[PDB]
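Enquirer: The structure follows.
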Amino acid sequence: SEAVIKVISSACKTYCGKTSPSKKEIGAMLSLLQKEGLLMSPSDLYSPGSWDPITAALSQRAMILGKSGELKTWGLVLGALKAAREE
Ligand SMILES: O=P(O)(O)O[C@H]1[C@H](O)[C@@H](OP(=O)(O)O)[C@H](O)[C@@H](OP(=O)(O)O)[C@H]1O
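Those letters in the sequence shown? Residues 3 to 89, by the working numbering.
Take a look at the structure:
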């Protein structure tokens, strides 16, 4: 939607620095996860136990369809969030 997007933005800008996903990339991945049935809300990313199925599903789609466009964004989020939850 909006609020959660900016939250993710400022978050990754602190963990990944300048090498963070652009807002235009964040929204794209967000909408994909919803239509894929992987997620249902923008706050779903706050669930660590739901990361595994997503990474698996995206990896499958990437290696089968031949495109890691959505996987790249996920990897960036996963890395930053994993580090955040590590503290
Ligand atoms: O303020 P930053 O540390 O430079 O991060 C920005 C902000 O999060 C911005 O939201 P806002 O315009 O509300 O500050 C967003 O739109 C940008 O993504 P993009 O470059 O594709 O336009 C992003 O880099």
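Each residue gets a CB set at the ideal place from its N, CA and C atoms; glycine is no exception.
1. Helix, strand or coil for residue 50 per DSSP?
2. Contact defined as beta carbons within less than 8 Å: I believe residue 86 pairs with residue 13. What is the distance between those atoms, to the nearest angstrom?
3. When burial is assigned at 16 or more other CB atoms within 10 Å of the CB, is residue 5 buried or exposed?
4. Using only CA atoms, which one of 38, 17 and 7 lies nearest to residue 63?
5. Going by beta carbon distance, what residues of the same chain come within less than 8 Å of residue 45, once the five residues before and after it are set aside?
Expert: The structure says:
1. Judged by DSSP in its simplified three-state form, residue 50 adopts helix.
2. Residue 86 to residue 13, Cβ: 7 Å. Contact.
3. Within 10 angstroms of the beta-carbon of residue 5 lie fewer than 16 other beta-carbons, which makes it exposed.
4. Minimum Cα distance to residue 63 is reached at 38.
5. Correct list, in chain order: 6.
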